[PDB]
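Engineer: Just so it is clear, I am handing over target_1.txt, which has compact mmCIF, C-alpha atoms and all ligand atoms.
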# COMPACT_ATOMS: atom_id res chain seq x y z
CA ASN A 162 21.67 -21.21 16.17
CA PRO A 163 24.61 -21.46 18.57
CA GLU A 164 26.91 -18.80 17.09
CA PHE A 165 24.42 -15.93 17.36
CA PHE A 166 23.26 -17.16 20.78
CA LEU A 167 26.74 -17.07 22.32
CA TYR A 168 27.48 -13.62 20.87
CA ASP A 169 24.19 -12.26 22.23
CA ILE A 170 25.24 -13.33 25.74
CA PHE A 171 28.71 -11.83 25.36
CA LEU A 172 27.33 -8.59 23.90
CA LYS A 173 24.80 -8.16 26.72
CA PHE A 174 27.60 -8.72 29.24
CA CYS A 175 29.76 -6.17 27.41
CA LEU A 176 26.96 -3.59 27.46
CA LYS A 177 26.61 -3.70 31.24
CA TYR A 178 30.26 -3.60 32.31
CA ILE A 179 32.66 -2.53 29.53
CA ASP A 180 33.25 0.97 28.17
CA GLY A 181 31.55 1.58 24.85
CA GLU A 182 34.60 2.55 22.80
CA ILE A 183 36.41 -0.52 24.18
CA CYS A 184 33.45 -2.73 23.21
CA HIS A 185 33.27 -1.35 19.67
CA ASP A 186 36.99 -1.84 19.09
CA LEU A 187 36.83 -5.34 20.58
CA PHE A 188 34.15 -6.53 18.16
CA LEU A 189 35.85 -4.80 15.22
CA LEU A 190 38.91 -6.87 16.15
CA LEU A 191 36.89 -10.09 16.34
CA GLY A 192 35.56 -9.26 12.89
CA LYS A 193 39.07 -8.55 11.60
CA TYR A 194 40.01 -12.06 12.78
CA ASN A 195 36.88 -13.40 11.01
CA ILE A 196 35.29 -15.08 14.03
CA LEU A 197 31.88 -13.42 13.82
CA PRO A 198 28.85 -15.36 12.53
CA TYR A 199 27.79 -15.46 8.89
CA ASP A 200 24.37 -15.00 7.31
CA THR A 201 24.57 -17.18 4.20
CA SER A 202 20.85 -17.12 3.39
CA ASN A 203 19.47 -15.97 0.06
CA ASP A 204 17.79 -12.60 0.52
CA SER A 205 14.17 -12.26 -0.59
CA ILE A 206 13.95 -11.10 -4.20
CA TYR A 207 10.98 -8.97 -3.13
CA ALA A 208 13.05 -6.85 -0.70
CA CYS A 209 15.83 -5.83 -3.09
CA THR A 210 16.10 -2.13 -3.88
CA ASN A 211 18.18 0.40 -5.77
CA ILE A 212 19.28 4.01 -5.99
CA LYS A 213 19.51 4.90 -9.69
CA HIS A 214 21.70 2.16 -11.25
CA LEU A 215 23.11 1.11 -7.85
CA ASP A 216 21.59 -2.25 -6.90
CA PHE A 217 21.26 -3.51 -3.32
CA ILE A 218 20.59 -7.20 -2.71
CA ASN A 219 18.64 -6.21 0.41
CA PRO A 220 17.62 -2.90 1.99
CA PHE A 221 19.80 -2.85 5.15
CA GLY A 222 23.34 -1.52 5.45
CA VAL A 223 25.67 -0.19 8.13
CA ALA A 224 25.92 3.57 8.57
CA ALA A 225 29.11 5.62 8.56
CA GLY A 226 31.16 5.80 11.73
CA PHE A 227 30.87 2.07 12.47
CA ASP A 228 33.93 0.81 10.56
CA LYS A 229 35.55 4.23 10.18
CA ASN A 230 38.81 2.82 8.81
CA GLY A 231 37.60 -0.14 6.74
CA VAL A 232 39.37 -2.69 8.95
CA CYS A 233 36.33 -4.97 9.27
CA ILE A 234 34.36 -4.71 6.02
CA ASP A 235 34.13 -8.41 5.11
CA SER A 236 32.84 -9.64 8.46
CA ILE A 237 30.30 -6.85 8.98
CA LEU A 238 28.85 -7.43 5.51
CA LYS A 239 28.70 -11.20 6.07
CA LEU A 240 26.41 -10.56 9.06
CA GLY A 241 23.69 -10.11 6.41
CA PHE A 242 23.99 -6.49 5.28
CA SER A 243 23.86 -5.48 1.63
CA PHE A 244 26.25 -2.54 2.04
CA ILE A 245 28.43 -0.55 4.41
CA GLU A 246 29.49 3.09 4.46
CA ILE A 247 33.05 3.35 5.76
CA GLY A 248 34.44 6.59 7.12
CA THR A 249 33.93 9.30 7.73
CA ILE A 250 37.54 9.71 6.60
CA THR A 251 39.67 12.84 6.43
CA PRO A 252 42.80 13.44 4.30
CA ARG A 253 45.10 13.16 7.33
CA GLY A 254 44.68 10.89 10.33
CA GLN A 255 43.23 12.41 13.50
CA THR A 256 42.96 11.33 17.12
CA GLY A 257 39.57 13.00 17.57
CA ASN A 258 38.30 14.62 20.74
CA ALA A 259 39.13 13.57 24.30
CA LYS A 260 37.94 10.36 25.94
CA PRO A 261 35.47 9.37 27.19
CA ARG A 262 33.53 10.25 24.03
CA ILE A 263 30.70 7.70 23.64
CA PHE A 264 28.01 6.71 26.14
CA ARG A 265 25.07 4.31 25.91
CA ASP A 266 21.70 4.28 27.67
CA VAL A 267 20.28 0.77 27.37
CA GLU A 268 16.75 1.51 28.60
CA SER A 269 16.16 4.17 25.93
CA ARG A 270 18.30 2.33 23.33
CA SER A 271 20.13 5.60 22.68
CA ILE A 272 23.74 6.70 22.26
CA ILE A 273 25.62 9.99 22.49
CA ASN A 274 29.07 10.53 21.03
CA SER A 275 31.67 13.28 20.64
CA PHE A 276 34.33 11.50 18.60
CA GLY A 277 35.24 14.31 16.21
CA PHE A 278 36.28 12.24 13.16
CA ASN A 279 38.89 9.98 14.72
CA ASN A 280 40.25 8.02 11.75
CA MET A 281 43.49 6.70 10.30
CA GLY A 282 43.40 9.07 7.32
CA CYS A 283 42.60 8.69 3.64
CA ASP A 284 45.85 7.01 2.57
CA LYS A 285 45.69 4.19 5.12
CA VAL A 286 41.94 3.64 4.70
CA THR A 287 42.40 3.57 0.92
CA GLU A 288 44.92 0.74 1.34
CA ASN A 289 42.43 -1.10 3.55
CA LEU A 290 39.65 -0.76 0.97
CA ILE A 291 41.92 -1.90 -1.86
CA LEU A 292 42.74 -5.03 0.13
CA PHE A 293 39.02 -5.59 0.70
CA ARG A 294 38.31 -5.21 -3.02
CA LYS A 295 40.90 -7.89 -3.76
CA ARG A 296 39.39 -10.25 -1.18
CA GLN A 297 35.95 -9.46 -2.59
CA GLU A 298 36.72 -10.91 -6.02
CA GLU A 299 37.60 -14.30 -4.47
CA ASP A 300 34.83 -14.60 -1.83
CA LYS A 301 31.40 -15.90 -2.86
CA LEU A 302 29.67 -14.11 0.02
CA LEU A 303 31.00 -10.65 -0.92
CA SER A 304 29.74 -10.52 -4.52
CA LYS A 305 27.33 -7.66 -5.29
CA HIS A 306 27.84 -6.11 -1.84
CA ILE A 307 28.22 -2.33 -1.93
CA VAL A 308 30.83 -0.21 -0.13
CA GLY A 309 30.38 3.55 0.09
CA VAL A 310 32.91 6.01 1.52
CA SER A 311 31.94 8.95 3.72
CA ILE A 312 34.33 11.89 3.37
CA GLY A 313 34.86 15.00 5.48
CA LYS A 314 37.56 17.41 6.63
CA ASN A 315 40.27 17.52 9.26
CA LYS A 316 39.49 19.47 12.42
CA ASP A 317 41.79 22.42 11.65
CA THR A 318 41.12 22.47 7.90
CA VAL A 319 39.58 25.75 6.75
CA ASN A 320 38.81 24.84 3.11
CA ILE A 321 36.52 21.81 3.32
CA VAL A 322 36.51 21.48 -0.47
CA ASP A 323 40.28 21.00 -0.54
CA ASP A 324 39.90 18.04 1.84
CA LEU A 325 36.99 16.53 -0.10
CA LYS A 326 38.90 16.73 -3.39
CA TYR A 327 41.94 15.00 -1.88
CA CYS A 328 39.92 12.05 -0.59
CA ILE A 329 38.14 11.57 -3.93
CA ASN A 330 41.41 11.39 -5.86
CA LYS A 331 42.83 8.79 -3.45
CA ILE A 332 39.87 6.50 -2.79
CA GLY A 333 37.17 7.37 -5.34
CA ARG A 334 38.21 4.56 -7.70
CA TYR A 335 37.36 1.93 -5.08
CA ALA A 336 34.03 3.35 -3.89
CA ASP A 337 30.57 2.48 -5.14
CA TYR A 338 29.33 5.83 -3.83
CA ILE A 339 30.72 8.88 -2.02
CA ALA A 340 28.90 10.37 0.97
CA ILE A 341 29.61 14.06 1.66
CA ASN A 342 29.51 14.53 5.44
CA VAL A 343 28.47 18.09 6.31
CA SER A 344 26.34 17.06 9.30
CA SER A 345 28.60 15.86 12.12
CA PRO A 346 27.98 17.86 15.33
CA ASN A 347 31.45 17.10 16.74
CA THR A 348 33.66 19.25 14.48
CA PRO A 349 33.05 22.99 14.99
CA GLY A 350 31.61 24.85 12.02
CA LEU A 351 31.07 21.78 9.82
CA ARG A 352 27.27 22.01 9.80
CA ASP A 353 27.53 25.59 8.52
CA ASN A 354 28.44 24.02 5.16
CA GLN A 355 24.77 23.02 4.84
CA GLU A 356 23.97 26.62 3.88
CA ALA A 357 22.68 26.56 0.32
CA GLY A 358 25.53 28.60 -1.17
CA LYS A 359 28.33 26.60 0.44
CA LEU A 360 26.55 23.28 -0.14
CA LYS A 361 26.06 23.83 -3.88
CA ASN A 362 29.73 24.70 -4.39
CA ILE A 363 30.74 21.61 -2.39
CA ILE A 364 28.54 19.23 -4.40
CA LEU A 365 29.73 20.61 -7.74
CA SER A 366 33.38 20.38 -6.69
CA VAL A 367 32.89 16.79 -5.53
CA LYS A 368 31.14 15.75 -8.75
CA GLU A 369 33.88 17.51 -10.74
CA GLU A 370 36.73 15.61 -9.07
CA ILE A 371 34.92 12.30 -9.63
CA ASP A 372 34.47 13.09 -13.33
CA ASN A 373 38.18 13.95 -13.53
CA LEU A 374 39.07 10.43 -12.37
CA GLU A 375 37.78 8.91 -15.61
CA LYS A 376 39.60 11.50 -17.71
CA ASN A 377 43.36 11.02 -18.17
CA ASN A 378 43.21 7.22 -17.81
CA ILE A 379 44.26 4.64 -20.40
CA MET A 380 42.49 1.50 -19.14
CA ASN A 381 39.01 0.25 -19.93
CA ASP A 382 36.37 0.92 -17.29
CA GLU A 383 36.61 -2.63 -15.92
CA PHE A 414 40.11 -1.78 -14.63
CA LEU A 415 39.59 1.88 -13.66
CA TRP A 416 36.62 1.32 -11.34
CA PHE A 417 37.92 -1.31 -8.91
CA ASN A 418 34.62 -1.42 -7.04
CA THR A 419 31.35 -3.38 -7.21
CA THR A 420 29.45 -1.40 -9.87
CA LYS A 421 32.47 -0.99 -12.18
CA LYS A 422 31.12 2.56 -12.65
CA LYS A 423 32.05 5.92 -11.19
CA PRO A 424 30.77 6.36 -7.61
CA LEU A 425 27.42 8.02 -7.05
CA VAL A 426 27.32 11.14 -4.88
CA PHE A 427 25.23 11.41 -1.72
CA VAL A 428 25.03 14.06 1.00
CA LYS A 429 24.27 13.32 4.65
CA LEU A 430 22.10 15.94 6.34
CA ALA A 431 21.68 16.81 10.01
CA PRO A 432 18.17 16.90 11.54
CA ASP A 433 18.87 20.20 13.34
CA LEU A 434 17.58 22.62 10.72
CA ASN A 435 14.58 24.91 10.39
CA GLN A 436 11.99 24.54 7.64
CA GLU A 437 13.42 27.29 5.43
CA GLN A 438 16.90 25.75 5.59
CA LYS A 439 15.46 22.40 4.49
CA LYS A 440 13.74 24.04 1.51
CA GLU A 441 16.90 25.82 0.35
CA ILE A 442 18.91 22.59 0.66
CA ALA A 443 16.26 20.71 -1.34
CA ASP A 444 16.58 23.22 -4.19
CA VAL A 445 20.37 22.82 -4.27
CA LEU A 446 20.12 19.02 -4.45
CA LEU A 447 17.77 19.27 -7.44
CA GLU A 448 19.90 21.91 -9.17
CA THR A 449 23.10 19.87 -8.72
CA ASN A 450 21.40 16.57 -9.68
CA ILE A 451 22.78 14.79 -6.63
CA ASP A 452 22.24 11.03 -6.68
CA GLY A 453 20.79 10.70 -3.17
CA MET A 454 20.55 12.08 0.34
CA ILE A 455 21.19 10.34 3.66
CA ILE A 456 18.59 11.30 6.27
CA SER A 457 19.92 11.69 8.84
CA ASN A 458 22.91 12.24 11.12
CA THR A 459 22.73 12.57 14.91
CA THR A 460 20.85 15.34 16.70
CA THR A 461 21.48 17.74 19.57
CA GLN A 462 17.80 18.51 20.29
CA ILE A 463 17.32 15.53 22.63
CA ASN A 464 17.56 16.75 26.23
CA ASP A 465 15.39 14.25 28.15
CA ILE A 466 17.87 11.38 28.63
CA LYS A 467 18.84 11.53 32.30
CA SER A 468 22.20 9.76 32.00
CA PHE A 469 23.21 12.12 29.15
CA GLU A 470 22.38 15.44 30.82
CA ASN A 471 26.04 16.25 31.54
CA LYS A 472 27.41 14.71 28.32
CA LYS A 473 28.51 16.32 25.06
CA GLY A 474 27.81 15.24 21.49
CA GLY A 475 25.09 14.10 19.12
CA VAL A 476 22.42 11.55 20.02
CA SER A 477 21.59 8.31 18.20
CA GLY A 478 19.05 5.54 18.65
CA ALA A 479 15.37 5.19 19.37
CA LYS A 480 14.88 8.76 20.61
CA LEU A 481 16.03 9.89 17.14
CA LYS A 482 13.63 7.72 15.12
CA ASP A 483 10.59 10.03 15.05
CA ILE A 484 12.65 13.16 14.32
CA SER A 485 14.47 11.50 11.42
CA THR A 486 11.34 9.90 9.95
CA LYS A 487 9.70 13.33 9.84
CA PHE A 488 12.83 14.75 8.20
CA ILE A 489 12.45 12.09 5.50
CA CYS A 490 8.84 13.05 4.75
CA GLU A 491 9.76 16.73 4.51
CA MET A 492 12.71 16.34 2.13
CA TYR A 493 10.76 13.82 0.03
CA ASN A 494 8.18 16.59 -0.42
CA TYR A 495 10.60 19.49 -0.90
CA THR A 496 12.49 17.55 -3.59
CA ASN A 497 9.26 16.31 -5.26
CA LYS A 498 10.30 12.66 -4.84
CA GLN A 499 13.15 13.20 -7.32
CA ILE A 500 16.10 12.54 -4.96
CA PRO A 501 16.45 8.99 -3.55
CA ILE A 502 16.73 8.75 0.23
CA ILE A 503 18.92 6.60 2.49
CA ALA A 504 17.29 6.31 5.92
CA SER A 505 19.39 6.64 9.08
CA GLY A 506 18.06 7.09 12.61
CA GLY A 507 16.55 4.81 15.23
CA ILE A 508 15.92 1.78 13.00
CA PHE A 509 15.65 -1.35 15.15
CA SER A 510 12.73 -3.41 13.83
CA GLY A 511 11.12 -4.30 10.53
CA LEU A 512 8.30 -1.97 11.55
CA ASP A 513 10.78 0.88 12.02
CA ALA A 514 12.22 0.08 8.59
CA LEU A 515 8.82 0.14 6.87
CA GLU A 516 8.09 3.51 8.48
CA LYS A 517 11.29 4.84 6.88
CA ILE A 518 10.40 3.25 3.54
CA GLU A 519 6.76 4.38 3.53
CA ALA A 520 8.07 7.87 4.36
CA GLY A 521 10.17 7.90 1.18
CA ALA A 522 13.38 5.98 1.87
CA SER A 523 14.69 3.43 -0.63
CA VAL A 524 17.30 1.88 1.70
CA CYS A 525 17.99 1.76 5.45
CA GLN A 526 21.20 2.09 7.47
CA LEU A 527 21.74 0.68 10.96
CA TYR A 528 24.15 1.67 13.73
CA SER A 529 22.61 1.75 17.21
CA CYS A 530 20.69 -1.45 16.46
CA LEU A 531 24.00 -3.32 16.16
CA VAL A 532 25.06 -1.91 19.54
CA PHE A 533 21.99 -3.11 21.44
CA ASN A 534 20.75 -6.07 19.36
CA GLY A 535 24.16 -7.45 18.37
CA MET A 536 25.19 -9.86 15.65
CA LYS A 537 21.62 -10.88 14.75
CA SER A 538 20.49 -7.37 13.77
CA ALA A 539 20.51 -8.00 10.01
CA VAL A 540 19.05 -11.52 10.05
CA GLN A 541 16.32 -10.43 12.46
CA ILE A 542 15.33 -7.16 10.80
CA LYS A 543 15.31 -8.67 7.30
CA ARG A 544 12.85 -11.36 8.41
CA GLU A 545 10.63 -8.86 10.22
CA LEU A 546 10.47 -6.61 7.14
CA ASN A 547 9.66 -9.53 4.82
CA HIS A 548 6.79 -10.72 7.01
CA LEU A 549 5.51 -7.14 7.28
CA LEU A 550 5.64 -6.51 3.52
CA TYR A 551 3.47 -9.61 3.09
CA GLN A 552 0.89 -9.05 5.84
CA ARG A 553 0.61 -5.43 4.63
CA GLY A 554 -0.15 -6.52 1.06
CA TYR A 555 2.94 -5.25 -0.78
CA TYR A 556 4.17 -7.17 -3.82
CA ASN A 557 7.73 -5.99 -3.12
CA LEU A 558 9.70 -3.32 -1.28
CA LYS A 559 9.75 -0.83 -4.16
CA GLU A 560 5.94 -0.63 -4.16
CA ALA A 561 6.06 0.62 -0.55
CA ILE A 562 8.48 3.52 -1.10
CA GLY A 563 6.70 6.76 -0.24
CA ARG A 564 3.26 5.25 0.34
CA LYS A 565 2.58 7.08 3.62
CA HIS A 566 2.28 10.39 1.77
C1 LIG B 1 29.89 6.51 17.68
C2 LIG B 1 29.25 7.07 16.44
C3 LIG B 1 30.06 7.47 15.39
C4 LIG B 1 29.50 7.99 14.23
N1 LIG B 1 30.31 8.39 13.20
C5 LIG B 1 29.77 8.90 12.04
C6 LIG B 1 30.60 9.29 11.00
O1 LIG B 1 31.82 9.19 11.11
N2 LIG B 1 30.05 9.80 9.84
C7 LIG B 1 28.69 9.92 9.71
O2 LIG B 1 28.21 10.38 8.67
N3 LIG B 1 27.86 9.53 10.74
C8 LIG B 1 28.39 9.01 11.91
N4 LIG B 1 27.56 8.62 12.94
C9 LIG B 1 26.07 8.75 12.79
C10 LIG B 1 25.50 7.42 12.32
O3 LIG B 1 26.10 7.08 11.09
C11 LIG B 1 23.99 7.48 12.14
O4 LIG B 1 23.68 8.41 11.14
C12 LIG B 1 23.30 7.87 13.44
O5 LIG B 1 23.91 7.21 14.53
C13 LIG B 1 21.81 7.53 13.45
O6 LIG B 1 21.65 6.15 13.26
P1 LIG B 1 21.11 5.21 14.45
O7 LIG B 1 20.01 5.91 15.21
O8 LIG B 1 20.60 3.90 13.88
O9 LIG B 1 22.27 4.94 15.38
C14 LIG B 1 28.12 8.10 14.11
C15 LIG B 1 27.31 7.69 15.17
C16 LIG B 1 27.87 7.17 16.33
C17 LIG B 1 26.96 6.75 17.44
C1 LIG B 2 28.32 -4.08 23.14
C2 LIG B 2 28.69 -2.88 22.28
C3 LIG B 2 29.08 -3.06 20.97
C4 LIG B 2 29.41 -1.96 20.21
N1 LIG B 2 29.83 -2.02 18.86
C5 LIG B 2 29.66 -3.10 17.96
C6 LIG B 2 28.50 -3.86 17.88
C7 LIG B 2 28.41 -4.89 16.94
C8 LIG B 2 29.50 -5.15 16.06
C9 LIG B 2 29.43 -6.20 15.10
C10 LIG B 2 30.50 -6.44 14.24
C11 LIG B 2 31.65 -5.66 14.32
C12 LIG B 2 31.72 -4.64 15.25
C13 LIG B 2 30.63 -4.39 16.13
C14 LIG B 2 30.71 -3.35 17.08
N2 LIG B 2 29.35 -0.72 20.77
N3 LIG B 2 29.64 0.51 20.21
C15 LIG B 2 29.43 1.46 21.14
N4 LIG B 2 29.03 0.83 22.27
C16 LIG B 2 28.98 -0.53 22.03
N5 LIG B 2 28.64 -1.63 22.81
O1 LIG B 3 32.99 11.49 14.33
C1 LIG B 3 32.00 11.93 15.02
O2 LIG B 3 32.19 12.38 16.16
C2 LIG B 3 30.60 11.92 14.44
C3 LIG B 3 30.40 12.17 13.12
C4 LIG B 3 29.14 12.17 12.60
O3 LIG B 3 28.97 12.39 11.44
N1 LIG B 3 28.09 11.91 13.41
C5 LIG B 3 28.28 11.66 14.71
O4 LIG B 3 27.34 11.43 15.42
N2 LIG B 3 29.55 11.67 15.22
What would you get if you wrote out this structure as structure tokens?
Ligand SMILES: Cc1cc2nc3c(=O)[nH]c(=O)nc-3n(C[C@H](O)[C@H](O)[C@H](O)COP(=O)(O)O)c2cc1C
Ligand SMILES: Cc1cc(Nc2ccc3ccccc3c2)[n+]2[nH]c[nH+]c2n1
Ligand SMILES: O=C(O)c1cc(=O)[nH]c(=O)[nH]1
Structural biologist:
Amino acid sequence: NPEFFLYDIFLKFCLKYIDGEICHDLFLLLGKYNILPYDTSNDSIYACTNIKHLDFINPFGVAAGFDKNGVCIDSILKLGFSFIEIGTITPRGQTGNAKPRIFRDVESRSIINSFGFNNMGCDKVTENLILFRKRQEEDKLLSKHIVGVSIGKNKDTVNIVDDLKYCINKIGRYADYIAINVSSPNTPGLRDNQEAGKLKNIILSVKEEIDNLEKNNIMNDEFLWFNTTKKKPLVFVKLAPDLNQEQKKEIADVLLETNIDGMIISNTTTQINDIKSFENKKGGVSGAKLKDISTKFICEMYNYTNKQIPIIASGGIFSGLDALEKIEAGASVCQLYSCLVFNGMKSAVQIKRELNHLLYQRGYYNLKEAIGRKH
């Protein structure tokens, strides 16, 4: 397969010599120009999955922070992913923290970043997503692919809820689901919104603004929800792994009380302090070193919520084996980020095949039968 082969060489070269932020922006640009490879294969019917009435053609998507501004949605999806989470976006554009702000360690397959929500802002990203949605209805390869939107707050915003409401009113119509980001480590005081009291008020406000989209509209649903589901976006919350047991219990109760549609487990961590090349660096850590921590977090929340809240897995997923660990722990779907950095354009094709072979040799009829089996 020549196209993937050439890109693997170029990506390995880029890893060794070129700055990480430069690399990421380079490949986003190549995707914008539509010169990345395609995965046009039919996905196994036995690896499809869902979160409530939200259907995924396969269980692998791209996590938030990868295409922050929705400039590259088509090409990333056509690598073989069933969905992508754009953002995190904020109402106003931000430059983020000072460069350099992302570093990679190849041997440990780990990353550390201190971006601080650099993004073009809700208005510009909304225009980008609208353009995608128009392209989607004329491209055979984009049908049934899901696009979620991660939302957060500007660095100097004091009322997070005011920022979340603004983003929902601008972009909610074009999103299949909304991810509430209260777990970034690179914006001071954001994670404090995971406290049960603050979190509950945030979720209810978010759900209220989404419900208010449908009200005061004269068109049929088919023209209000310009997304993939043609329904109002589901609501997820992304949690950080840096919490004590009691905090995790209180959060679990809030999710059940508010009837949230799902939880993303998890964001980056600050606990990792054994990566030599990162010892002087600032930010949250991604990649392999995060896998075990995040998989445990999945098991815990699956228990604390009594299996009632669907889970989106994020953290150190590189192989089909890694994916099955997340699924057997309680996850319904998996998100990749670091895998794309170190494995390149073949990440989706490769990991989908590995998971299919593993579901068979493990004696599963389909993916859904494996959800939560470890417990
Ligand atoms: C450079 C970078 C930027 C990220 N930006 C976001 C973001 O904007 N919003 C978010 O919810 N998570 C963000 N993340 C976290 C990832 O979405 C993901 O949850 C985390 O990296 C763990 O996945 P992984 O181990 O497969 O990389 C970012 C991660 C990295 C490395
Ligand atoms: C070599 C490399 C790539 C990369 N980012 C990638 C990888 C894969 C992509 C596929 C499609 C579109 C954009 C992509 C961006 N990063 N990121 C942070 N360091 C780093 N190093
Ligand atoms: O924008 C960032 O710096 C960022 C956000 C986030 O949610 N997670 C992360 O690791 N970095």
Engineer: Fewer than 2 positions away in the same chain doesn't count, so skip those; otherwise give me all residues within 7 Å of stretch 250-265 of chain A, counting all atoms listed in the file, as a list in words.
Structural biologist: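 The residues satisfying every condition are residues 181, 182, 229, 248, 267, 271, 272, 273, 274, 275, 276, 277, 278, 279, 280, 281, 282, 283, 311, 312, 313, 314, 315, 324, 327 and 328 of chain A.
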Engineer: For atom CA of residue A:477 and atom CA of residue A:521, determine how far apart the two atoms are, in Å to one decimal place.
Structural biologist: 20.5 Å
Engineer: Using all atoms listed in the file, which residue out of A:558, A:310, A:319, A:224 lies closest to residue A:507?
Structural biologist: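 Selected residue with least distance to residue A:507: A:224.
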Engineer: To check your reading of the model: which residues sit at most 10 Å from ligand LIG 2 (chain B) when counting all atoms listed in the file? Write the answer as a count of residues only.
Structural biologist: 60
Engineer: Please check which residues have atoms at most 12 Å from (1.2, -3.2, 1.6) in the file's coordinates, counting all atoms listed in the file, and write them as a count of residues only.
Structural biologist: 24
Engineer: Could you check the closest approach to residue A:376 for each of A:330, A:269, A:459, A:449 and tell me which residue wins, using all atoms listed in the file?
Structural biologist: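 Residue with the minimum atom-to-atom distance to residue A:376: A:330.
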Engineer: Quick one: of A:415, A:500, A:364, A:341, who's nearest to ligand LIG 3 (chain B), counting all atoms listed in the file?
Structural biologist: A:341
Engineer: Would you mind telling me which residue in A:316, A:363, A:504, A:332 lies nearest to residue A:285 when using only C-alpha atoms?
Structural biologist: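 Selected residue with least distance to residue A:285: A:332.
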Engineer: With distances taken over only C-alpha atoms, which residue among A:542, A:427, A:526, A:334 lies nearest residue A:226?
Structural biologist: A:526
Engineer: If I take atom CA of residue A:333 and atom CA of residue A:422, how far is one from the other in Å, to one decimal?
Structural biologist: 10.6 Å
Engineer: List as number ranges by chain the protein and nucleic acid residues near residue A:463, meaning an atom at most 8 Å away when only C-alpha atoms are counted, but skip any in the same chain fewer than 4 places from it.
Structural biologist: A: 476, 480-481
Engineer: Grab the atom CA of residue A:352 to atom CA of residue A:220 distance for me, in Å with one decimal place.
Structural biologist: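 Computed distance, atom CA of residue A:352 to atom CA of residue A:220, equals 27.8 Å.
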Engineer: Return the single residue from A:268, A:437, A:491, A:452 that is closest to residue A:479, with distances computed using only C-alpha atoms.
Structural biologist: A:268
Engineer: Might you pull out every residue within 8 Å of residue A:439, with all atoms listed in the file counted and same-chain residues fewer than 4 positions away left off, and present them as a list in words?
Structural biologist: residues 434, 435, 443, 492 and 495 of chain A
Engineer: I'd like the contact shell of residue A:483 - 12 Å cut-off, only C-alpha atoms, skipping same-chain residues fewer than 3 positions apart - returned as JSON, numbers by chain.
Structural biologist: {"A": [432, 456, 457, 460, 463, 477, 478, 479, 480, 486, 487, 488, 489, 490, 504, 505, 506, 507, 508, 513, 514, 516, 517, 520]}
Engineer: When you look at residue A:346 with a cut-off of 7 Å (counting all atoms listed in the file), what residues show up, excluding the ones that are within fewer than 2 positions of it in the same chain? I need them as JSON, numbers by chain.
Structural biologist: {"A": [344, 348, 352, 474, 475]}
Engineer: Please write the residues from the selection above to a file, keeping C-alpha atoms, as a compact mmCIF listing (two decimals), in the coordinates of the input.
Structural biologist:
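Written output follows (selection_23.txt):
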# COMPACT_ATOMS: atom_id res chain seq x y z
CA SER A 344 26.34 17.06 9.30
CA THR A 348 33.66 19.25 14.48
CA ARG A 352 27.27 22.01 9.80
CA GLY A 474 27.81 15.24 21.49
CA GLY A 475 25.09 14.10 19.12
Engineer: Given the point (21.0, 12.3, 2.1) in the file's coordinates, find the residues that have an atom at most 7 Å from it, counting only C-alpha atoms, and give them as a list in words.
Structural biologist: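 The residues that fall inside the cut-off are residues 427, 428, 429, 430, 453, 454, 455, 456, 457, 502 and 503 of chain A.
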Engineer: Would you fill out stretch 176-182 of chain A with N, CA, C and O atoms and return it as a tab-separated table (two decimals), keeping the file's coordinate frame?
Structural biologist:
chain	number	residue	atom	x	y	z
A	176	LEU	N	27.72	-4.82	27.29
A	176	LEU	CA	26.96	-3.59	27.46
A	176	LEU	C	26.94	-3.13	28.91
A	176	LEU	O	27.06	-1.93	29.19
A	177	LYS	N	26.80	-4.07	29.84
A	177	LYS	CA	26.61	-3.70	31.24
A	177	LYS	C	27.90	-3.19	31.87
A	177	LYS	O	27.87	-2.22	32.64
A	178	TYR	N	29.03	-3.80	31.55
A	178	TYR	CA	30.26	-3.60	32.31
A	178	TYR	C	31.34	-2.82	31.57
A	178	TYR	O	32.06	-2.04	32.20
A	179	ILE	N	31.48	-3.00	30.26
A	179	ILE	CA	32.66	-2.53	29.53
A	179	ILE	C	32.36	-1.20	28.85
A	179	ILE	O	31.25	-0.98	28.33
A	180	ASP	N	33.35	-0.32	28.85
A	180	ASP	CA	33.25	0.97	28.17
A	180	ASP	C	32.88	0.79	26.70
A	180	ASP	O	33.30	-0.17	26.05
A	181	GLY	N	32.10	1.74	26.18
A	181	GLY	CA	31.55	1.58	24.85
A	181	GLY	C	32.60	1.58	23.76
A	181	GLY	O	32.57	0.74	22.85
A	182	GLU	N	33.55	2.52	23.82
A	182	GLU	CA	34.60	2.55	22.80
A	182	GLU	C	35.44	1.28	22.85
A	182	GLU	O	35.86	0.76	21.80
